[PDB]
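Working notes, beginning with the structure itself.
Letters A, B, ... are given to chains in the order of the sequence lines, protein chains preceding strands, and every chain is numbered from 1.
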There are 2 protein chains.
Amino acid sequence: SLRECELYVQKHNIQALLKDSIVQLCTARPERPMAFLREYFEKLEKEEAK
Amino acid sequence: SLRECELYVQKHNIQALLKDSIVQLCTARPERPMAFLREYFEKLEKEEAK
């Protein structure tokens, strides 16, 4: 079950994407962090459905 | 600068929200993880602008 999760996270690059989203949040300091995160992933959702 | 980031992350509950998003991803195993994350934060963006 844990190994399952580990593999899924690895497969979809979740660790790096979340890492990067946190770095951009702290760097930019959004007035609207939730909007920022939504838009961050929305651009990735776009490639996913491409 | 690091303390700055630490405080911002703490202020906006970023650690717990990302933690929870990862737990739901591994639990549900989305065919579309990026869509999942976009929608996850979109619901939070909604409360943010409320």
Side-chain angles (χ1 to χ4, degrees):
Chain A
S1 198
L2 274 178
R3 172 201 290 101
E4 199 167 55
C5 177
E6 197 176 10
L7 296 173
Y8 183 91
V9 163
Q10 180 182 5
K11 178 185 208 322
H12 298 288
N13 202 30
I14 305 297
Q15 191 158 31
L17 292 173
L18 296 189
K19 180 81 182 187
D20 287 0
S21 81
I22 292 172
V23 170
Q24 182 63 109
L25 272 173
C26 288
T27 299
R29 300 180 67 83
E31 296 178 1
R32 300 171 188 183
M34 302 301 101
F36 170 81
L37 292 168
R38 191 272 308 153
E39 169 73 11
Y40 180 88
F41 291 106
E42 186 150 342
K43 287 310 179 271
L44 293 168
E45 174 187 19
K46 213 186 177 188
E47 295 299 324
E48 180 175 76
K50 169 184 176 176
Chain B
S1 198
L2 274 178
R3 172 201 290 101
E4 199 167 55
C5 177
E6 197 176 10
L7 296 173
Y8 183 91
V9 163
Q10 180 182 5
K11 178 185 208 322
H12 298 288
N13 202 30
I14 305 297
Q15 191 158 31
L17 292 173
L18 296 189
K19 180 81 182 187
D20 287 0
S21 81
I22 292 172
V23 170
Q24 182 63 109
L25 272 173
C26 288
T27 299
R29 300 180 67 83
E31 296 178 1
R32 300 171 188 183
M34 302 301 101
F36 170 81
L37 292 168
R38 191 272 308 153
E39 169 73 11
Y40 180 88
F41 291 106
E42 186 150 342
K43 287 310 179 271
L44 293 168
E45 174 187 19
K46 213 186 177 188
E47 295 299 324
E48 180 175 76
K50 169 184 176 176

State, with a plain yes or no, whether a side-chain heavy atom of [X] is found less than 4.5 Å away from one of [Y].
{"X": "B/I22", "Y": "B/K19", "value": "no"}
{"X": "A/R29", "Y": "B/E4", "value": "yes"}
{"X": "A/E6", "Y": "B/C26", "value": "no"}
{"X": "A/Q24", "Y": "A/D20", "value": "no"}

Testing the basics here: between A/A35 and B/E48, what is the closest heavy-atom pair and its distance to 0.1 Å?
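Taking every non-hydrogen atom into account, N-OE1, 2.9 Å.
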
To check you understand the geometry: which heavy-atom pair defines the closest contact between B/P30 and B/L25, and what is its length?
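Scanning both residues, the minimum pair turns out to be CD-O, 3.1 Å.
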
Could you list the donor-acceptor pairs under 3.5 angstrom formed between side-chain atoms of residues 36-44 of chain B and any protein atom two or more places apart in sequence or on another chain?
{"from": "B/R38", "atom 1": "NE", "to": "A/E45", "atom 2": "OE1", "distance (Å)": "2.7"}
{"from": "B/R38", "atom 1": "NH1", "to": "B/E42", "atom 2": "OE1", "distance (Å)": "2.8"}
{"from": "B/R38", "atom 1": "NH2", "to": "A/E45", "atom 2": "OE2", "distance (Å)": "3.0"}
{"from": "B/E39", "atom 1": "OE2", "to": "B/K43", "atom 2": "NZ", "distance (Å)": "2.6"}
{"from": "B/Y40", "atom 1": "OH", "to": "B/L17", "atom 2": "O", "distance (Å)": "3.2"}

Separation of A/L18 CG from B/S21 OG (nearest 0.5 Å):
5.5 Å

Look only at the side chain of A/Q15 and the backbone of A/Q10, and say whether a donor-acceptor pair between them is shorter than 3.5 Å.
no

Can you pull the ring-ring contact (aromatic ring centres under 6.0 Å, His included) pairs that have at least one residue in residues 8-32 of chain A, sequence neighbours excluded?
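For residues 8-32 of chain A, and leaving out neighbouring residues, the ring-ring contact (aromatic ring centres under 6.0 Å, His included) pairs sorted by first residue read A/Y8-A/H12.
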
Those residues that, when tested against B/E31, pass side chain to side chain contact (heavy atoms under 4.5 Å, CB included) (two or more places apart)
none

